[PDB]
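Novice: pasting the sequence and an experimental structure:
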Amino acid sequence: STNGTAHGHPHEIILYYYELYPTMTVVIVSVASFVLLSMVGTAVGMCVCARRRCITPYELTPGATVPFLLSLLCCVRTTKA
Amino acid sequence: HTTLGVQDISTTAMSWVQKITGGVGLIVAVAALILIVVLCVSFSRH
Amino acid sequence: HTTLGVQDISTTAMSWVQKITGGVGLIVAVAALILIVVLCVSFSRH
Amino acid sequence: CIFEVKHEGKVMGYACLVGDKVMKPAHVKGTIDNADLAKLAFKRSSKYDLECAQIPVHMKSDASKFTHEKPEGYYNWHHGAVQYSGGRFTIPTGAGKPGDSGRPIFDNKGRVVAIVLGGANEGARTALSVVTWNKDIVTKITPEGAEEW
Amino acid sequence: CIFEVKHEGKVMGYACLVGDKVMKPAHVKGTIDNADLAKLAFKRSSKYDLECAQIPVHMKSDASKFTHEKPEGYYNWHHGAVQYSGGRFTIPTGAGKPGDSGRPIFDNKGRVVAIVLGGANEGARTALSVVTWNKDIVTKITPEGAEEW
């Protein structure tokens, strides 16, 4: 009893949870969480790197502003007053 | 069937998602390195 | 028939009018933003 | 403009009001011995070994301007006269010790020209490792073998 | 060239005849205490906090020219001498109070160099917030924390 296809997109993906065995979806969820953590860690690193770039030009004196736009969203808003 | 870790998923569709990933973590890693490189250029400039 | 808010109107003809709108409010909004952008350029120039 | 960083009641380095920011070397342990300055939020920058914040409005009149203009010749600093040449600031070895970081190197018109971070001993004279202004942007010159003061 | 804005019989700020326009800060309440000037039609500009109009032909001989040329040094203003440096006009804190807006900052040849709008107190000295001429066009410099006079 079935003439439906597989999945598309995830939907059916969760339907399989009924087949195979017990362990499955929870492990996948954990993997997804790990991926999210990697994504979050990357972003945190990127922000720190963005600071590393705005460093030097963190003292004072004209000089961007300037490259502060084009400028990874701060850069500016930052140059100003 | 035949192997272990429950294989499931999707040609096409499957490729759609796969193609995304490998793709943003590597990007931000490369960008990080490039930012370091530029920083060193500034350090050299001083 | 079948739904609620009394549907009426016109293929072609209908498209003629529809194509106009979405079209001038958005334009003046974009132009407003562009004027602000130029203003900021002048502010930076000073 | 110069304020001292204290750690366990002991002067470790200095802090300086240059431009519109409040500077102090990142490597210096302690907290600026000034209420107004101490409660600020500093932005660290490990590349420059710098750690700046913004000067409160009531002290902004107390800042010191700095300049990219530095022709070969002699400059002024707390312990005497620094010498600039070959793109390098130097001093008689012994005249600069740990705990001198943050101290500005003024010119004869008072413009801060660089800020000492440490020095490399190369015999008779020590090449200073400083934070200096370029065309407009900050920069850091660190002679080979510097000892971070 | 200088005319006073009065409000309920009380001087709030000033109005100035610069170039071929008649200026007065937008924030200043009142109306110029001069028949000819009062009946004019001003064009407000909230970005510049400026509010200009055109000088009647019979007063155009009474305008004051201004200039983009302003080298570091001392300038003249009603309360004394302003100091220009680092792209900032300053004065001894206390020498400028609310009700001084509109007052021009002349140089030694009489050319109006900027027009005071207010000032930010940064201790010993106050950085003025002024309207100044660029290459050709008007501009407004407002130090962080200005108090609009």
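Specialist: Received, thanks. Residues are numbered from 1 along each chain as shown, chains lettered A, B, ... in the order given.

Novice: list the contacts of the residue sitting nearest the centre point of chain A.
Specialist: Taking Cα atoms, centre = their mean as the criterion, residue A:39 is the residue nearest the geometric centre of chain A, at 4.0 Å. Counting by Cβ atoms under 8 Å, 6 or more residues apart in numbering or on different chains, residue A:39 touches B:24, B:25. The C-beta positions use only the backbone N, C-alpha and C, and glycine is treated the same way.

Novice: could you tell me which residues of chain A lie near chain E?
Specialist: For chain A, the residues in contact with chain E (Cβ under 8 Å from any Cβ of the partner chain) are residue A:81.

Novice: for residue E:127, see how far away the closest residue to chain E within chain A is.
Specialist: Per Cβ to the nearest Cβ, residue A:81 is where chain A lies closest to chain E, at 4.6 Å. The span separating residue A:81 from residue E:127 equals 10 Å under the rule Cβ to Cβ, to the nearest Å.

Novice: determine the residues that are contacts of both of those two.
Specialist: Here residue A:81 and residue E:127 have residue E:143 as joint contacts, going by Cβ under 8 Å, 6+ apart.

Novice: these two: which is more packed in?
Specialist: Remark: of residue A:81 and residue E:127, residue E:127 carries more neighbours, 24 against 11, as counted by other Cβ atoms under 10 Å in any protein chain shown.

Novice: gap between residue B:23 and residue B:17?
Specialist: Per Cβ to Cβ, residue B:23 is found 11 Å from residue B:17.

Novice: got it, and residue A:58?
Specialist: Residue A:58 is 41 Å from residue B:17, by Cβ to Cβ.

Novice: and the longest helix anywhere in chain A, what's buried?
Specialist: Assignment by DSSP state H gives helix A:25-54 as the longest helix of chain A. Residues of helix A:25-54 classed as buried by neighbour count (16 or more other Cβ atoms under 10 Å in any protein chain shown): A:42, A:46, A:49, A:50, A:51, A:52, A:53, A:54.

Novice: same check on stretch D:17-37?
Specialist: Applying a neighbour-count criterion of 16+ other Cβ under 10 Å, one finds D:17-28, D:30, D:32-34, D:37 buried in stretch D:17-37.

Novice: first-to-last residue distance for that stretch?
Specialist: 10 Å (Cα to Cα, to the nearest Å).

Novice: ok, now stretch D:58-72?
Specialist: Distance between the two ends of stretch D:58-72: 36 Å, counting by Cα to Cα.

Novice: what are the buried residues along that stretch?
Specialist: Neighbour count says stretch D:58-72 has D:59, D:60, D:61, D:62, D:63, D:65, D:66, D:67, D:70 buried, by 16+ other Cβ under 10 Å.

Novice: over to stretch D:137-149?
Specialist: Residues of stretch D:137-149 classed as buried by neighbour count (16+ other Cβ under 10 Å): D:137, D:138, D:139, D:140, D:141, D:142, D:143, D:146, D:148, D:149.

Novice: for stretch D:48-58, same thing?
Specialist: D:48, D:49, D:50, D:51, D:52, D:53, D:54, D:55, D:56, D:57.

Novice: just the closest residue of chain B to chain D, please.
Specialist: Of all residues in chain B, the one sitting closest to chain D is residue B:46 (2.5 Å; Cβ to the nearest Cβ).

Novice: which residues touch that residue?
Specialist: Listed by Cβ under 8 Å, 6+ apart, the contact set of residue B:46 reads A:56, D:132, D:134, D:138, D:139, D:140, D:141.

Novice: swap in 6 Å and give it another go.
Specialist: D:139, D:140, D:141 (Cβ atoms under 6 Å, 6 or more residues apart in numbering or on different chains).

Novice: relative to residue D:131, how far out is it?
Specialist: According to Cβ to Cβ, residue B:46 stands 9 Å off from residue D:131.

Novice: helix or strand: which one has residue 14?
Specialist: Picked chain A for this. helix A:11-15 (DSSP states H and E).

Novice: my question was about chain B, not that one.
Specialist: Per DSSP H and E: residue B:14 is located in helix B:11-18.

Novice: list the residues that contact both of residue B:46 and residue D:131?
Specialist: Going by Cβ under 6 Å, 6+ apart, residues that sit against residue B:46 and also against residue D:131 are residue D:140.
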